[PDB]
Every structure is written in C-alpha cells, then in structure tokens.
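Reviewing the structure listed below.
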Ligand SMILES: O=C(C1CC1)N1CCN(c2ccc(F)cc2)CC1
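Residue numbers (the authors' numbering): 1316 to 1434.
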C-alpha cells in the first residue's frame, strides 16, 4: 500500500531498459538529420532519456503517465516503420513485451495502494 513506491520501481525498470541492447534506437530523441521526414509522420516524439528525465524531475504523478509515454515510444516506432519486418521496429516489439511484462505489477501495486488510501 505504498503510494510512492512506483517511482523507484520505474527508475529500476528504466535502468534495465537502458542496459538492454534492444533499447539503443530509443534512448535519445529522434535524429532529424538521419530521418528528415520524421515529424511529417510523428506528431509527438518520445524516447527513454526524456521519460527518465521527466521521472527524475518529479513531473510524473503516477506510473500510468510514465506508461503512456513509454507506449508512445513503441507506437511511434510502429507508425514510422516502412515494414513490419524492419530491424528497429522488431527491436521495439521485443522491448515492448519486456516493458509490459515488468510494468504490470508496478501499475497493479500503485492502483491497489491508491484504492486503499481512498477506502
Ligand atoms: O532517430 C531515431 C533514433 C536515432 C535516435 N529514431 C527515429 C526513427 N525510429 C524508427 C522506428 C522504426 C523504424 F523501423 C525505423 C526508425 C527509431 C528512433
């Protein structure tokens, strides 16, 4: 029932994601010199350094907000991919499965703790 525990749990999950080779294309913002048309297709760029910085600045109120931004990294990759078989998109699918597998208990514990708080 710790309402604040999600934050360190998310920091540890981001550290694991940064250690994972599949996160390398997603660790920093989109390079517009490499992908000049990126902003023609993607309205809201997102990356893991921006997620980590938002968390460390105290700018996420809940793990659901962090989860929305991490999911945006993966949906941007899916929207920008020229093929469902591309290398970078394939890395995003594995990383998404790893993220979802680990974030589930973080969301569940936070939501349970908040329901207990408001009981
Ligand atoms: O510029 C970058 C990274 C160097 C920072 N990105 C924009 C293009 N993204 C992308 C996604 C799926 C795809 F299949 C191809 C590209 C990957 C991340």
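Built from N, CA and C at the ideal position, the CB exists for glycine as well.
Collapsed DSSP secondary structure at residue 1374 in the structure displayed: On the chain shown, position 59 is the one that residue 1374 refers to. Three-state DSSP puts residue 1374 in coil, outside helix and strand.
Assigned secondary structure, residue 1355 (DSSP; H/G/I helix, E/B strand, else coil): Locating residue 1355 in the chain shown gives position 40, counting from the first residue. Of the three classes helix, strand and coil, the one that applies to residue 1355 here is helix, per DSSP.
Under a three-way DSSP split, which group does residue 1433 fall into? Numbered from 1 along the chain shown, position 118 holds the residue referred to as residue 1433. Residue 1433 falls in the coil class under three-state DSSP.
For residue 1389 versus residue 1362, is the C-beta distance shorter than 8 Å? For this step, residue 1389 is matched to residue 74 along the chain shown. For this step, residue 1362 is matched to residue 47 along the chain shown. Not closer than 8 Å, so no.
Return the first residue and the last residue of the alpha helix (DSSP H) that residue 1349 is part of. Here residue 1349 refers to the residue found at position 34 when the chain shown is read from its first residue. Element bounds for residue 1349: n/a, residue is neither H nor E.
Beta-carbon within less than 7 Å of residue 1317's beta-carbon, same chain only, minus the 5 sequence neighbours each way: which residues are those? Locating residue 1317 in the chain shown gives position 2, counting from the first residue. Excluding sequence neighbours, residue 1317 sits near 1428.
Own chain residues within Cβ distance below 7 Å of residue 1353, not counting five before or after: The residue you call residue 1353 lines up with position 38 of the chain shown. Closer than 7 Å at Cβ, skipping near neighbours: 1345, 1347, 1395.
Out of 1382, 1397, 1404, state which residue places its alpha-carbon closest to the alpha-carbon of residue 1416. Here residue 1416 refers to the residue found at position 101 of the chain shown. Of the listed residues, the one whose Cα sits closest to residue 1416 is 1382.
Once DSSP output is grouped into helix, strand and coil, what is the label at residue 1343? Taking the first residue of the chain shown as 1, we reach residue 1343 at position 28. Of the three classes helix, strand and coil, the one that applies to residue 1343 here is coil, per DSSP.
Can you tell me which of 1376, 1413, 1331, 1392 puts its alpha carbon nearest to the alpha carbon of residue 1360? Within the chain shown, residue 1360 is the residue found at index 45, counting from 1. The shortest Cα separation from residue 1360 among 1376, 1413, 1331, 1392 belongs to 1392.
Hey, would you say the C-beta of residue 1414 is under 7 Å away from at least one heavy atom of ligand 1? Counting from 1 along the chain shown, the entry for residue 1414 is found at position 99. Result no, Cβ not under 7 Å from ligand 1.
Proximity test, residue 1341 beta-carbon vs ligand 1 heavy atom, cut-off 7 Å: Walking along the chain shown from the start, residue 1341 turns up at place 26. Because some heavy atom of ligand 1 lies under 7 Å away, the Cβ of residue 1341 counts as near it: yes.
Buried versus exposed, by CB contacts within 10 Å (16 or more), residue 1331: Numbered from 1 along the chain shown, position 16 holds the residue referred to as residue 1331. Burial call: exposed.
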